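Written below as structure tokens is the structure these notes are about.
Going in written order, the chains are labelled A, B, C, D, E and F, and every chain counts its residues from 1.
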Amino acid sequence: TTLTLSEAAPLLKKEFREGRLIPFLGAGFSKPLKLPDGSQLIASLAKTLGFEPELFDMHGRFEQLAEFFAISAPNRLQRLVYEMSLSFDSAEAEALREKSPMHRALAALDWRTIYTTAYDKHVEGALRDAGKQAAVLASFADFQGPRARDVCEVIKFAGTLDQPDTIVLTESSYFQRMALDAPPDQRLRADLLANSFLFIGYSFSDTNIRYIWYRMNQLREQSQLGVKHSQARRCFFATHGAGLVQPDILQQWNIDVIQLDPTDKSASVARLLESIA
Amino acid sequence: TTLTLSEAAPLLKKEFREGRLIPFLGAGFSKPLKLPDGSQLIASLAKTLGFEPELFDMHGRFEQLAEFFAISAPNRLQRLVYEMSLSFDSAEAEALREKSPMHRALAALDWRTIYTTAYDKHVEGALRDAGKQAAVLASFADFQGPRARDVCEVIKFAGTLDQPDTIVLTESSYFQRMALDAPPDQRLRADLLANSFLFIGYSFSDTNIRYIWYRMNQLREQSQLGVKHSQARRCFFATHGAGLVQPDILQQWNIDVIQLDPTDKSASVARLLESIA
Amino acid sequence: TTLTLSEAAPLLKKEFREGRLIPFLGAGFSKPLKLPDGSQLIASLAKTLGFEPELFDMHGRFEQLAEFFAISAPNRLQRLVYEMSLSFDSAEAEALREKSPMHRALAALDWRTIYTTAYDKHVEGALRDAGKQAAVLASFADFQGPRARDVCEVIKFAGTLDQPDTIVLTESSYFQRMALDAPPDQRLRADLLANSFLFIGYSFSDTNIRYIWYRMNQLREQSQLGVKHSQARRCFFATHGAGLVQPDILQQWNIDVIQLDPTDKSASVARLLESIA
Amino acid sequence: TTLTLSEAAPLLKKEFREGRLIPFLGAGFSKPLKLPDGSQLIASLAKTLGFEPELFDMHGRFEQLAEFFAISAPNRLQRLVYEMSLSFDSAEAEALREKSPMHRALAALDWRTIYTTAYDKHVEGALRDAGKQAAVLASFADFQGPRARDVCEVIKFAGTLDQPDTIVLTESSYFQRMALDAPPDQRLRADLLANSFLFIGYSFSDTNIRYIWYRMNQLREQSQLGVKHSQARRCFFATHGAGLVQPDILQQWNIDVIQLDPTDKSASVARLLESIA
Amino acid sequence: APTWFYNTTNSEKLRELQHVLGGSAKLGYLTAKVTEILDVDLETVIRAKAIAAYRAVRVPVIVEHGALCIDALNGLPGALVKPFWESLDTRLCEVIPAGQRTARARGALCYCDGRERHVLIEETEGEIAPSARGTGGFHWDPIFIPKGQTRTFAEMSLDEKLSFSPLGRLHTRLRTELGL
Amino acid sequence: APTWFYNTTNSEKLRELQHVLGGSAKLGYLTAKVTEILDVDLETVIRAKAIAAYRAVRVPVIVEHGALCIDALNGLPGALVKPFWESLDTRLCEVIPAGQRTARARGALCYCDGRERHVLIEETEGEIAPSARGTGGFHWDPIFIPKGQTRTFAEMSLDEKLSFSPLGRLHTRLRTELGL
């Protein structure tokens, strides 16, 4: 009911040599860089607001606790972006990034489009370390702006720290993205029409991602394909700790789960990216 | 930062005598009828699937565990509706409903529209007990069908057990309601343009409700009213156990919190409905 | 011209110890549970439509009056199924079912297949009361689904209330079953090839049952057996109130009539089921 | 909800001048000839069997009481056909047939196909009285046999008295016609594909007729025509005494009811047939 | 309406705290059952008990937990006194050697308003009785004699027991810090 | 890749279970730290420990918890043996009277695949030593002598200790029920 690493490796080679595989990277892809995930940000937001980190986490979801932080005082969200910039894109986080085996194995492949939901320059920065060049596309002016003819376009689906208006962190920013009208939303839905995705380091907890794959399956069911042909194009979801309910919800949406070895989380991902090559 | 019962009582009399107050009832309004809430359904779904109820609750949200139940076997969702009808609308639940002080105090007021998110006939059934007559509107055929000129219209926002196609319980049904195209969705958004709502027994955990009050705030901010006039029309949120984060999120959306006495949850609501009269 | 209880008792022991006797239960088997038969449903359908119950019964047969009810308004048939579930499978109908002598005497025998034409869980529910386990088979997904190695299979020939698509009540549903293509129709015609049936609480008024035993006689007459061998395998029809015409029509179809005592209808059936043991 | 005589008269002129109207005549078309209907046959079958006519009618339907008559003694059905030939096609019934205004008005129109379910030569015999010639088609040898280039074909749907093997009167004969394999059954279903029918003197009590118009509606619903185009081709059902349930069942099957004046049943039909001319 | 809620399932703790803080109209009462963690330190157990009771009742809550550290058992039971009195009822006077009967009766309140937990700890020196004497009171009161006094907590009335017990110094600190 | 993961923070339990179940390629090892609930019943504590460790690591997990029920203390510590050996190190031989030194060494495995928890309990009769003797082993092994034997768990080697200890009968039951 769940693919292993050796079973999913020839399925990822076929989609990559056709140029129809696109990585979708999450917050967990920057964990060997000693960066906070969605839980240690809330531990840092509770320290500023005067909460205890265990008591503050019981007052709502991740989207709702950041909305409470941004309206506690004026210019409180701007300060967070400044602090995050100092800690996510620091010089010691760049030094851990050349010697990271995942970021070397990601940049060794010749991708054309990479989607990320992280606030750091460590995905396109891994491409600059391997001699390649990337193109960060986060806002409307980036898509309209000039780029080289053949460059891996890194689509910042959540925003970038150098453009603080594009960051979706609070609940009102996620509700603004429910209309699927943003330029990262329009680019994702057109690439999902024709390409397989590889989810690495991302867990389907945001309802803005789960709603896009819902309405792609709707176009699939109304097109009245057979049992054989509607199950042909799959997506892949590499996760060390997938439960029992969530892999069966995603079988509806043509998303296969790749079970990685949870003992060393960094080396299990690196062996997946080297098996595509 | 939170209204009490005596403070919010003259604010509810003014909106009621103008005919601009509409109750929004949740699952907690049927708790003195000894009915399961959203937690004891999951304890019953885990018993059928072979899970332990504490282990099954850690694999996702309420929307996602019901989606996992409905796809475990064919005709598994239909059986649940049949079982729910035997336990929610039973004869012993009707007998506890005439002697319930909340259902007597609700039907004593001359309402015109009541919104509910519960799967039981105990809100309109309380109106039949007081000699009044109600009109259940859940599907498109109910809105098109005939009704008395002046009858309290009970809008089943989540569906009714006698029309099992209207029930939104699984995650795919909540994503179908995100487009705000259903007849309960279109009727709610037009009544929110001109009326105050009174939330009783409902906790803002569903993202389909929180997204409607978000977009209402959009129409409000783009209309460029002042500080005084954009804060004039309020909504009221009676809750025994509101935390510290959630009342401040709802101040953005013109929703005031009424703190009820948590010692006796049944009598605190009944004193609120008698203070409107 | 009609068997009595003592005459038919050794004929039923021989077919039961060979495992070639199958009960066919009707609506009259649930009459000690204080449930409506086919006449008190029409008295309840006339109250909803605004008819008098004596005037409504003269406008057509039972199949035709339910077809008129289902097309009077949208979602009118789904309301009936919900109401039927509240009254047929209620808790007070289950409490009358353990102390019923017919349901105790039915579950005391070790059956393998039971056919029923009633919409209630009181035939398989009698088997759960005696410690045994049953398997309700009503739709195509039930026959395909998993069951245990040896479990009495209860074939809902008319449908079940927890699967409202399987209920045949209106005239268009009986005409859909004339093609004998439904999974209860295909299972019945193959069991009739090799087994004796015992009709309890059912009166041959539906033309879908009388047409199956007609075609069985065709296979029998075209096979050109003798007078002795074509009359060897009989079926049994226990009825308190059989007339003068109907027992002679069924002698064509190898159906024998067992005259039960009409003074106490509940105890006469219970002495028949205890005489098989 | 029911057409009158003046409303349905231009609708019958349009289908007749296109040659797409076919009369369907019943037992009631021979009532001014002083012939028994389905109730006075049962009064005559009860006299032979030794029953009282009121007690014999309570032991089953018309199909079932004739099945009981045919198996009471050997050669009992062949005696009835001989008796019916002496009384239906007698010389005094022919003398009432030239002076009958319905049979004159039927033969004045230039029909091409007439379906009848009666056992008498008074429909084709009315055509011989007007100088026209007819062709009785009842068995397989009649369809294979020679006819003239253009002659109104009278299809005896129930059989004829001069071919006693074609008569369907008993219940086993109606069950033999359920397969829709007889040459009157195959000819009717192909003419129903392209023509409007006019039911005169027939009441939809036989389940072999109601099952044919059921399956025609199937071909109609699976072809996925619109609301406008699936309701274009109608059938017409002239009846003095239609109730309240039966006209609404037939609206499903594109059958319109023409209410005739019940004071003089003979003259109301004759004004309908003269309004087609 | 109250603003602080004292959560306990022990009905003998409830009538003690209503004897002194009963007149305060700002204090309500709840009875949610929580599960304590396994640790002998009183500060650790009472602090994890308040977050587990705020999670249950979702209002500003006050919880209470005790300790009976004994010198002959190197501080055991500590905050593990609830399953000792269940197991060793009055044999607890006999498992301890005569001559080194000294012990401490500790007690802690912790109030959690939903964003911070504050712990108030008082403490009473004493010694374990040679045998269980006394009828009043409840769990382990017939075995504990405070320092200077000759009688147990069970041998004293409710006004006299609260002039020695840790709760009698925790009323005044809880009333002052919460404004009850 | 493994399918079952044995979670422990105690590095002496890890080299015991790798001595016997180490050759199984289907068993991995994790070191997440969980917090036990306060109860003397071993069945209650090991069952609430497995759900607290599945919540941490989110893979099919196997946890382990012990008990040292003593007759002189009416079953104390029970599953509370972790803070006794911290407090009473070898004074635990002296707080118990001579003449009624009998005790039970209990031990329980609980594996949770994410939808069901199954508990395997073994048990060894014994008696508390008059003084702590022996060098090998770890916590409370110098004080426990099994029935029939004269030596402690600390005085025996790892192969000899597992022919008496509860884990030596729990290897075979865990291997059979999980197919390791």
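Here is the rule we use: contacts are C-beta pairs under 8 Å (C-beta built on N, C-alpha and C of every residue); 3 or more make two chains touch, one makes a residue touch a chain.
By chain, UniProt protein names: A, B, C, D = NAD-dependent protein deacetylase; E, F = XTP/dITP diphosphohydrolase.
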### Given chain B and chain E, the chains that contact each of them
A, F
### Query
What shortest step count links chain D and chain F in the network of chain contacts?
3
### Query
What is the chain whose Cα centre is as far as it gets from that of chain D?
E
### Query
More C-beta pairs touching across which pair, B-F or A-F?
A-F
### Chain pair equivalent in interface to B-E, over half of contacts matched, among A-E, A-F or B-F
A-F
### Query
How big is the gap, in whole Å, between where the Cα atoms of chain A centre and where those of chain E centre?
51
### Message
Rounded to a whole Å, what is the gap between the Cα centroids of chain C and chain F?
### Response
61
### Message
Using mean CA coordinates as chain centres, what's the gap between chain D and chain E in Å?
### Response
97
### Task
For chain B and chain C, let me know how many angstrom lie between their CA-based centres, rounded off.
43
### Query
What are the residue numbers in chain D that touch two or more other chains?
none
## Note on the structure
Touching at least 2 other chains, the residues of chain F are 114-115
### In contact (per the touch rule at the top): chain pairs
A-B, A-E, A-F, B-C, B-E, B-F, C-D, E-F
### Message
Under the definition above, what is the set of chain A residues touching chain F in their complex?
### Response
4-5, 241-244, 259, 261-263
### Task
Would you mind writing out the residues of chain F in touch with chain B in their complex?
51, 54-55, 112, 114-117
### Query
Tell me, which parts of chain B touch chain A in their complex?
56, 58-60, 64-65, 67-68, 71, 171-172, 175, 178, 207, 210-211, 214, 243-246, 248-249, 252
## Note on the structure
The chain E residues in contact with chain B across the complex are 1-2, 5, 28-30, 57-59, 114-115
### Query
So in the complex, which bits of chain A are touching chain E?
50-52, 54-56, 58-59
